[PDB]
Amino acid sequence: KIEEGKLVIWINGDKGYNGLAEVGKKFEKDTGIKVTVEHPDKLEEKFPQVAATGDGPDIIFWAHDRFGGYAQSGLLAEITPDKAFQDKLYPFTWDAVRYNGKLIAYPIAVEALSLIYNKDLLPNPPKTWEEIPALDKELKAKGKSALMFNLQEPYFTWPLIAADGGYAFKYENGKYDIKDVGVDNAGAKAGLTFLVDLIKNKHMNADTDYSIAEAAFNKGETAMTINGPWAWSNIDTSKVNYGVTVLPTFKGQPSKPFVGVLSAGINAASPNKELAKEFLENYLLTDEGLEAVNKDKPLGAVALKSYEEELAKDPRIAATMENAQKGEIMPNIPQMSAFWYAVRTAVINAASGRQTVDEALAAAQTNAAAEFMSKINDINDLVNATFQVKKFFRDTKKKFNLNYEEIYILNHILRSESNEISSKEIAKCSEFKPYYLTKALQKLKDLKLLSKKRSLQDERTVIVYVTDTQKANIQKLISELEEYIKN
């Protein structure tokens, strides 16, 4: 029940929701339809839950990295702006909101973690991470602290782990090899071990967090923090003489902050799509609209060309956009949430002292690439799960005589970047039986949708190939038999 006739927006708490609300009112003024902004807590996780139910906001705002998995689940409506309109925005921002050839959300503003310091407490910010353990005892001297940033969310500690070779999922020919996870490499271990030690040497504690670090900096207690545009508002009225700049380099390399494109996705459930499209296209993505929000909180380097040729003047923005370039754009693929988790754990677990970086990261690597996030804790959850499963198949037995192994495959395929997979992949993943695996690939082959599958080269591992129109029919079928459980 999304309730027609109005817009409900979900935007994160550290952002211009009051500003966006202004946009929403100008809309109501002209349109006549009301818009109400809300900043649920943890809307990124809450969205897929309530949105799977067919409820939730009409529009959800968040970094483009979550939208891949949303669109995947079917939570997001496909946006179809004409070419003229797309021209008002930077080609690379649409790219971030493009998933499997479709545009899933509107890009709003580019975000990158900048380095912010207190010029009255250090008119000269260090340009490296190694020349800091020292700068801490010098400022720890006059009763202060060198650095203080959020150590709870891996979005902040990633730049350091990334800098020297840490990476999400290897990238190459336009695709991401979700199997190739770079978080347990030398470069990754390096930056983390450093962060770990910065703590061991009482320079900063494992429990620092956004709230803590933000005050600590705005109240002069710390010489510098690590944050983005949205945080400038507070520092502004906290009227401190601060500067935004390049993230210190590690082992010589710059910090590679994952970059996020704050985008607005329209709920697939929503019954107000034409309205949301009109709000975002005609109202929000206009100079007024964007500045309206920028006033409340900094959007950073907006995606809207026109207005960005104003924000660009600002050295803060140019600083953001500089850090941006040095970092990589966040993948929008579904396996991202799994990535963020693996990392969150690893960091917290090793900064605390429960694990040695090696451990934290070896587990982290495994977790980041695991195909499944196990949702079963109690045997009651087991029973719960078993009941659900058992029910599912029995209901689809007649029509769709698709057994588990089969369903598993079609799914593994649909959630795949590649149009060609090997019996090895599908075998390593899923404790399957060579007997059923093969019988299953066959079972689907015999069906005009599994597309060709054919003897490996090396042999003993048949390659599974799926067309483009093939992968289109596997989708239409899943969406079809997915009605038997989606409720």
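In case it trips you up, residue 1 is the first one in the sequence shown, and so on.
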- Query: Out of 14-22 and 464-472, which stretch has the higher average CA B-factor listed in the record?
  - Reply: 464-472
- Message: Quick check: 396-404 versus 298-306, which has the larger average CA B-factor in the record?
- Response: 396-404
- Which of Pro123, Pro334, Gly101, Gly260 ranks first by CA B-factor in the deposited coordinates: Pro123
- Query: Per the PDB entry, which option out of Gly143, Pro81, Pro271, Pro159 has the greatest Cα B factor?
  - Reply: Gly143
- Lowest, middle or highest third: where is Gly353 by C-alpha B factor in its chain? highest
- Query: In terms of the chain's CA B-factor thirds, is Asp177 lowest, middle or highest?
  - Reply: middle
- Can you work out whether the C-alpha temperature factor of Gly69 puts it in the lowest, middle or highest third of the chain? lowest
- Looking at the entry's B-factor column for C-alpha atoms only, identify whether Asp58 ranks in the lowest, middle or highest third of its chain. lowest
- By the entry's values, the third containing the CA B factor of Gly289 is the lowest
